[PDB]
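Chemist: This one's a deposited entry, sequence included:
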Amino acid sequence: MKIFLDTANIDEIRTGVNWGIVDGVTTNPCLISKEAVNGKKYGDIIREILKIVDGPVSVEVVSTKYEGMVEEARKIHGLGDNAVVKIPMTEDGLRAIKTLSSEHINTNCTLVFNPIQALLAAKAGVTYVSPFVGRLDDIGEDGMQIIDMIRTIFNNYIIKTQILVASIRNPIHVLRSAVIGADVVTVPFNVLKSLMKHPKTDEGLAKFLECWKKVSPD
Amino acid sequence: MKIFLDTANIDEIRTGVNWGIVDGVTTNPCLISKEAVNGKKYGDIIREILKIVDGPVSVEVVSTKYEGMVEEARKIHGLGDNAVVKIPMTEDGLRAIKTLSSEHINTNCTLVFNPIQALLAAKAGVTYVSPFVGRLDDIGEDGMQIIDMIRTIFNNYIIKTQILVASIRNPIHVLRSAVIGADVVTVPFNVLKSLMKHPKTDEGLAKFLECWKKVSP
Amino acid sequence: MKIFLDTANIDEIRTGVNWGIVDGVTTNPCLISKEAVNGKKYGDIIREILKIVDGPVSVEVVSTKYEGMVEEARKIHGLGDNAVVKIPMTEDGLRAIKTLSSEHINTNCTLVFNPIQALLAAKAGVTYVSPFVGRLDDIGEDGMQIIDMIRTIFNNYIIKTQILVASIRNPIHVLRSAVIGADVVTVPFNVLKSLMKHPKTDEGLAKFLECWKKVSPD
Amino acid sequence: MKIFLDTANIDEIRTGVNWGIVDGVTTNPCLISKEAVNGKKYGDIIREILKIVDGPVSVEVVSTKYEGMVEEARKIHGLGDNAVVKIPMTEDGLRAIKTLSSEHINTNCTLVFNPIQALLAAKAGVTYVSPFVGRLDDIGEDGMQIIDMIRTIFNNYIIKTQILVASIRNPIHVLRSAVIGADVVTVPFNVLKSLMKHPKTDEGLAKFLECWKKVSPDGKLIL
Amino acid sequence: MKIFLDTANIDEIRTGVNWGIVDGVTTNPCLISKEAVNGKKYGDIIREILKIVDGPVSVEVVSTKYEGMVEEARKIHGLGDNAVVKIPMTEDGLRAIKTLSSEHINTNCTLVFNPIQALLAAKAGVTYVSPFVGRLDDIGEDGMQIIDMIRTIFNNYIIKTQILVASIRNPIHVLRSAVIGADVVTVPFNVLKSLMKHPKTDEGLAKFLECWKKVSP
Amino acid sequence: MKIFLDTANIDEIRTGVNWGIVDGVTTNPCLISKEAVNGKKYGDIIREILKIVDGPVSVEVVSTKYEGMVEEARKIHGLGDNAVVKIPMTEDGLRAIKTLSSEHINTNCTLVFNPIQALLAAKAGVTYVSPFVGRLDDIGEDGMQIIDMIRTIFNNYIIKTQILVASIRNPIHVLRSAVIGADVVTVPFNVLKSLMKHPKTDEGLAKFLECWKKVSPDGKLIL
Amino acid sequence: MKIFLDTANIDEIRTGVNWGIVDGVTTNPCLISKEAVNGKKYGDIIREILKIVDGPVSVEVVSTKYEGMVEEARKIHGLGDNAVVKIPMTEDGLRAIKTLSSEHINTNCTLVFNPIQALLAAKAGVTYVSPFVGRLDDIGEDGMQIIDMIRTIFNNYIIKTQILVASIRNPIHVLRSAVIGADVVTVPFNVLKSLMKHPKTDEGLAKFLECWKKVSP
Amino acid sequence: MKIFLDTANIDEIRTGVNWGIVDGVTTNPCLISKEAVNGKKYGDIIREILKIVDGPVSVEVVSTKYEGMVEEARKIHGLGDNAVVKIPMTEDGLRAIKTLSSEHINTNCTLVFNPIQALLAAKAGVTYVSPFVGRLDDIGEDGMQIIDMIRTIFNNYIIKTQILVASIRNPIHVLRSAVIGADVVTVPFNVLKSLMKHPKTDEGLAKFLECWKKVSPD
Amino acid sequence: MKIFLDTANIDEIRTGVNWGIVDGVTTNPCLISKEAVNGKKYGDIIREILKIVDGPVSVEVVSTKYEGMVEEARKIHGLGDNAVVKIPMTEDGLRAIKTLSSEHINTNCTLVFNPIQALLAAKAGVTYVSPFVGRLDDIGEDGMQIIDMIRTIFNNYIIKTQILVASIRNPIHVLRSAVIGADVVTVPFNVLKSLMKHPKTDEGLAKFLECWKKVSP
């Protein structure tokens, strides 16, 4: 399972990249606007992420119509070979995805909330589909169940679109994604750093530390 | 999973094809007669649909006898390479499917209501089999369970006939079909249109637009 | 399992009652406005249904604020003992339900889409909760799963609110509701009439009629 | 589980009752006409069955309209207290069941093919509902699955209508009915007779005989 | 779960009763004839068993006709209050069970091989029904599955007939019977003896003895 | 799943073959004697079936001893390449199957009632094994459960013997056989005919006709 | 299922109380320290919540030792009959719970992370047990699993201790607790607000309003 | 599934081979000593079985120490290529199996009662492992559960040791072994002969014989 | 399944090696400190195990920091091609695993307590991952559950990291690991000895011996 970081915070990205466990980054206009303050510009934030991240970097189009989406996508593509054009699950967005896939431009279909939307994105040739588990949790539906169904549907038809679990809120979203077999998770930095941690790991290290000071004082 | 449109309404077909999500069309005599009113002839409607749709277009014979069925099927085949001959699950229909299959004419066996009928159509060499889930729902039986058994049966025998889920009434027939692994669903236009929509998609787009306006008024 | 009719059409209601299989009626502002045409007024339609139907008749309030809802609900209660005041799942609706519950006015919480909303309504003392299965189906979620979870939750706590399956679209919603154990279903007229029918019933009648004629020429 | 005989053959009914394993009889116009040949009247056959059978005897109305059904049902009920009026699952039949239930006339709703039909008959107050499992089998649907769902539905709502499995064709219909917990099965006579038999019962009896002859040549139990 | 001993061997019966784990005895013509050799008469063996065993003792009629069965059953009943009349699952056997049951004479229906036969015996009012699991095992069918279905059937109808698992060959028939919830098992003596034993019981007793010797030589 | 016709009635076999849905025929001495009345010889009936049927035709040996079975089997095999020698599940039958399998004569082991019998026939190299599900149903045991176990066993060991479900009585035997994955069913003609039918197929055809008459009064497809 | 508010914020508590859906309140030293800034002290905060909240309100002891816990618990108890004394799962905590249970002082055992700890607290007589599901989630373990096992255990032994699901982070913690059948959930204010909302509810109200406007302007 | 005969009785073996359903033989010191009476010697019995049986014949060593086991096993190997050296599950037995495995002498690890013992034997390179189902049954544990777990374990690691179900007591051990997928069962003669039999087979023969006589008087 | 010995005791290792069932060895700072008393030092203990054990032998680093881990790992690697460098699940540990994996130095990530930690270590290229089942057992959580999930996860993504079940306390840890399909278990010597023993094995040998004595005195 690949692990992407779901942020536009450059320090978070650099920190997690340095850890070696970050395979890519996903951004969206809301994540970018949180960082484009006090003089920082949306165009520089995107360019810096692309430079620091060896892996896929998803960048969301802001046009809502087919022609504007395809124009933006080609410019986003031109920013670097690792850029992935993020496009929402809409009729115009499915049209844009089909055109871009035929142009060999990698795409990521976002704002997916049920398995049939994910299937429609895959039928257009999308490289990634991003169902939003946490927003389903927010409205009283276990969001991971949709990941499970998408995984079964994709396996039934040998679909090559990668399942990118998005809107992740806690480490159990991550665990269930891995057990289900989703291709990718994208996580906030606070979730990312918790994944390495466990109280019995800490207790174990102090235990070995005290044992090491018995045979080697220094 | 392929998605066909279950209608003869030309406007619906053009709109769905323009959306890029329609892989084929299924018609039947009742769907064609709904459109072939006030001047419009059934022969023009059929031809126009074959012209608009790049993918398979199923056209149903009206004869009930083996000889009439095969002859009508060859006319239908002649209308275009994408024509698929729809044939009902009857004794003559099965004979007709075997003959047409040996002639490499693509066929679709319709009015199937249980898995053994679907198996018989496959054994005659049919290209697609069309079990009607919604008509089973109508009579108090969960139609999707027949799709599940057909998938298992076809998997057991490595059967090449495509399962084409017909008589679809709602998006859960579609979801359950994909989870089962049916090769095709054919859907009325009101169902097709709903498959892309979700209230959280809309709400999320409004959130993104609001964020974008803060950074670029 | 009780079977309500989900309509404001007097003819459909009269027909359904004349069959003896209709235990009550659910209405809402859209159902009523469909009949409030060509002279007929919304108030007369409601009073006409209350008269024809011996069982519970649900009538939705149109106010959105707490005080308007309870004032309306009391006027509705005054139309007859079989009236049930239908109130949406909102913060003001939950307060109204609690107030009207203490006044012994029967209530129906509507526009419920997940099991926790159903629980909150029951906690306010509502007589019926009406989850909308067909509107979940419309958005790619099997609406009957919500009924199943609500049934487990209500059984867990011995909750007396009746589950009233609404937004019903086909006879399998009805079958699954009975298998689950929902207390009530409300069905459009077209669904109700289908519930009695089956081709093997018709075939069987015709066979019986042939055998009877071999022994009785009259 | 009660076991009814699904027939109008007097000799079959006499033999089954003699076995002490028959708790009632179900008839229909087709079973009756099968015996109403060569002078035998339909009413005499019915009256004879009502006579020899202590348990419930289902007799079907021939009218298709509500009024004719309630009229025929009162005549059928007047033939004996063990008569059960058999009524098809139709709009008019439901209305007749409700009327007759309020008049304390026992009813049996027949020609039921899915669980919701069964539920509607229960809601009208019917004494028995008779789903046809063999006719479902004929059209490629496992008929016993409908019995299982009816049992669950009835349990859910504490419904007192008895589930009466009909159109029974083989002993597995009977076994599955008993495992599910249907209240009654009605079986043709050939099915009834097979239910008692098993080759290992026959074998075990032959072995028991051989052993006793080793100890008593005349083959008796002298105590 | 009651545990009966399935034998007519007097020595086995005395040993099992002295152990305090035997609640009853089942005999049959083949079990009695095994002992009634070289002078010993079958009538004495039966009487002696009734005297030794406080609990139910099943004795099988030998007549195959209704009238002969009921008459033999009344003699058997007369031999002692703990006598239970064993009757085979036949048409005459069922008639006989109904008659005897109306006379409050305890009965045991034997040679049962499927759950519907067990149900018929219960409907005749039989006190015990004895399905033969080992003879089903012999013919390639898992006999315990019949016990499971009978338990469910009897539970569905609140049936008072006791399920008496017969033709038991090994301790797993016994274990599965208890887990299912059969009212009774009847077991040959070699099986009965093994039910108390376990190698870890023995090993643990040797450990305890060794500990006790350290504190009190 | 192959579908064989379990009969010796020539007219049934002709009709089934014409439908294009019959892949072979199974016979046995009882089915043949049913048609070998009024001058019809048993050998003529067999030869006629072998003639009209392209697929496998199972003919049963009448000898009960090994030698007579292998002798009859060679005569049966010499009648045509589509003949399959049907042999009972006995000690002598297993020995004959092994011999005939080594002589490349196709065999069908019949009268099988549990999965281990089926396994023994497979180990002797038999081409088909025919478990009798209806006869298991008759004695109160769900016969299809044996098919399910045979399928699992055969899958476990990659056994190439085909599972041929016999003693079929209803369309649910056929449906369950297909869901399990048995290689072949053999069915009586009445069962075969029912498999194509369903009331909703009939209804849907009547509706299609009514719609076309609204658009073409003569009822044709003029293209 | 009862629903408590997991906060010491008076304005959150005051808003949820008015809604009619908050049956009680849980607090802890960290929640109260978040409100005891800028001169506000814990003593007034606790007293004001006990006044607003009709139902149970849990107040945690600060002493880590038995006598301090028990002394502090009687002070907490004296502040109001609805006060429930929160006590951590430790050796001294269990001893304190048992003494307080004998004095009829309602108790709540917190910092419970597995089912056996919860059983231990119930055996001491605790009125509520508070397993922290969110903190199990944090360390890679599905917290709701422990709720499921505690429900089963408590059902097994007919245990009267109420299961109070704590450390709730999202509405699916609430959903799963209701399906399991936990007696209580305690939720943060942001979780509690979301519980009544669903986009199809808002969509439905707009539909009704628009229909009502066509009838009565 | 292979079927071995678990006996040292020449007559039973000869009978079973003459049926063609016996693929080999398992012996042990108790089975052999039962036949080594009235003049017959243990060595002659074994050499006679090796001659009659074309398939694998298991012959148990009598030494308990590593060096005696391998020395015996080599003498046993010298009696014929179809001999299989049976060795108990002990520390010395595991060492012998590993040594004899490298010498390409086929081995059978016997007296196995749980799945980890079976695994350890396979790890030593044993050709067959023989778990004793009936002796587990004797002590109140369903012995077939051990076969099921051993089958899962061997499949997990693609282990080539054949599972040989031993201590078989009835035809359901055989049925469950085949359903599980054990490679081999070894059965006493009384069980083997029952495997072919069934009352419905006999009934069916008699029915066929009656129909044949209606058409052929000879 | 490979079986390693979880000890630094040379006499335990020497005995298990001779048995032919020990495929390797795991050590840790606490196991080695138990043998480095009375003048014996860790350096010789490690070297002597690398000599005896043909298979992999895991040696844990003591530095908590990246550069120290990596430096110590190259020293450990240089002691023998079968040495496997043990590294704890930390930020620096993962970084160290990735560098060492690129240098073709076999690694073992230890102190893993949930499946996502195990996936993180696999993603860094670790050769083995060592989840501690016994220490999960200690804190009231079925440790074997995490092995099950790790097996499933690793199967999902075709992960080559071997699952090495550590902190094993009893033979059922071993049994369940084999049924799950873990690549390796590492066991204490007392657990390893018990694995070959069963009372019915001893009973069976006595039976055979007694029969052999009747044939050949």
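Modeler: That came through, no problem. Numbers count the residues shown, from 1 in each chain, chains lettered A, B, ... in the order given.
Chemist: can we go C-alpha only for contacts and neighbour counts from here?
Modeler: OK.
Chemist: And the residue of chain A that's closest to chain E?
Modeler: Going by C-alpha to the nearest C-alpha, chain E is nearest to residue A:179 of chain A, at 34.5 Å.
Chemist: Is that residue in a helix, a strand, or coil?
Modeler: helix (DSSP: H, G, I helix; E, B strand; the rest coil).
Chemist: Tell me where chain A has strands.
Modeler: Secondary structure of chain A by DSSP state E: the strands cover A:2-6, A:24-26, A:57-60, A:83-88, A:107-112, A:128-131, A:162-165, A:184-187.
Chemist: Grab the nearest non-local neighbour of residue A:115.
Modeler: residue A:150 (5.1 Å; C-alpha to C-alpha, 6 or more residues apart in numbering or on different chains).
Chemist: show me the contacts for the one you found.
Modeler: A:115, A:118, A:119, A:163 (C-alpha atoms under 8 Å, 6 or more residues apart in numbering or on different chains).
Chemist: could you redo the last one with a cut-off of 10 Å?
Modeler: Each residue near residue A:150 by C-alpha atoms under 10 Å, 6 or more residues apart in numbering or on different chains is listed here: A:114-119, A:129, A:131, A:144, A:156, A:163, A:180, A:182, B:175, B:178-179.
Chemist: can you check residue A:124 too?
Modeler: Counted by C-alpha under 10 Å, 6+ apart, residue A:124 has contacts A:93-102, A:109, A:161, B:20-21.
Chemist: Phi and psi next, for it.
Modeler: Dihedral pair for residue A:124: phi -80, psi 0, per degrees, to the nearest 10.
Chemist: Any part of stretch A:81-89 near chain B?
Modeler: Yes: residues of stretch A:81-89 contacting chain B under C-alpha under 10 Å from any C-alpha of the partner chain: A:88, A:89.
Chemist: Show me what counts as buried in that stretch.
Modeler: By neighbour count on 16 or more other C-alpha atoms under 10 Å in any protein chain shown, the buried set for stretch A:81-89 is A:82, A:83, A:84, A:85, A:86, A:87, A:88, A:89.
Chemist: Also stretch A:59-69?
Modeler: Buried residues in stretch A:59-69 (16+ other C-alpha under 10 Å): A:59, A:60, A:61, A:62, A:63, A:64, A:66, A:69.
Chemist: repeat for stretch A:9-16
Modeler: Neighbour-count burial for stretch A:9-16 [16+ other C-alpha under 10 Å]: A:9, A:12, A:13, A:16.
Chemist: from these, which ones fall inside helices?
Modeler: Of the positions in the buried residues of stretch A:9-16, A:12, A:13, A:16 sit in helices, assigned by DSSP state H.
Chemist: In space, what's closest to the first one - neighbours in sequence excluded?
Modeler: Using C-alpha to C-alpha, 6+ apart and skipping residues adjacent in sequence, the residue nearest residue A:12 is residue A:189, 6.3 Å away.
Chemist: again, but for residue A:135
Modeler: residue A:167 is the one closest to residue A:135 (C-alpha to C-alpha, 6+ apart), at 6.6 Å.
Chemist: neighbours of the residue of chain A found nearest chain H, just the number please.
Modeler: Proximity to chain H, evaluated over chain A using C-alpha to the nearest C-alpha, is greatest for residue A:179 at 18.8 Å. Close neighbours of residue A:179, defined as other C-alpha atoms under 10 Å in any protein chain shown, add up to 21.
Chemist: residues contacting it?
Modeler: Neighbours of residue A:179 in contact, by C-alpha under 10 Å, 6+ apart: A:1, A:148, I:115-116, I:149-157.
Chemist: Thought residue A:13 was touching the residue nearest to residue A:12, still the case?
Modeler: Yes: counting by C-alpha atoms under 10 Å, residue A:189 does reach residue A:13; the two are 8.1 Å apart.
Chemist: where do the contact lists of those two overlap?
Modeler: A:4, A:5, A:6, A:7.
Chemist: got a winner among those for most neighbours?
Modeler: residue A:4 (29 neighbours).
Chemist: ok, that one - contacts?
Modeler: So residue A:4 contacts A:13, A:16-17, A:21-26, A:55-58, A:164-166, A:184-189, A:192 (C-alpha under 10 Å, 6+ apart).
Chemist: what bridges to it?
Modeler: residue A:24, residue A:186 (DSSP bridges).
Chemist: For the residue positioned nearest the centre of chain A, which residues are in contact?
Modeler: By C-alpha atoms, centre = their mean, chain A has its centre lying nearest to residue A:186, at 3.3 Å. Counting by C-alpha under 10 Å, 6+ apart, residue A:186 touches A:2-7, A:22-27, A:130, A:164-168, A:174, A:192.
Chemist: Centre of the chain to the longest helix belonging to chain A, how far?
Modeler: Longest helix of chain A, by residue count under DSSP H: helix A:199-215. Mean-position distance between helix A:199-215 and its chain equals 36 Å (C-alpha atoms, centre = their mean, to the nearest Å).
Chemist: Ok, stretch A:133-144 next?
Modeler: For stretch A:133-144, the distance to the chain centre is 17 Å (C-alpha atoms, centre = their mean).
Chemist: now stretch A:156-168
Modeler: 11 Å.
Chemist: Show me what counts as buried in it.
Modeler: Quick answer for stretch A:156-168 (16+ other C-alpha under 10 Å): A:156, A:157, A:159, A:161, A:162, A:163, A:164, A:165, A:166, A:167, A:168.
Chemist: For the first one, which non-adjacent residue is spatially closest?
Modeler: Ranked by C-alpha to C-alpha, 6+ apart and with sequence neighbours excluded, the top spatial neighbour of residue A:156 is residue B:181, at 5.5 Å.
Chemist: Residue A:73 contacts residue A:104, doesn't it?
Modeler: No: between residue A:73 and residue A:104 there is no contact under C-alpha under 10 Å: 11.5 Å.
Chemist: more crowded one of the two?
Modeler: residue A:73 (27 against 11).
Chemist: OK, contacts around the more buried one?
Modeler: Counted by C-alpha under 10 Å, 6+ apart, residue A:73 has contacts A:59-63, A:67, A:83-87, A:96-97, A:100, A:105-107.
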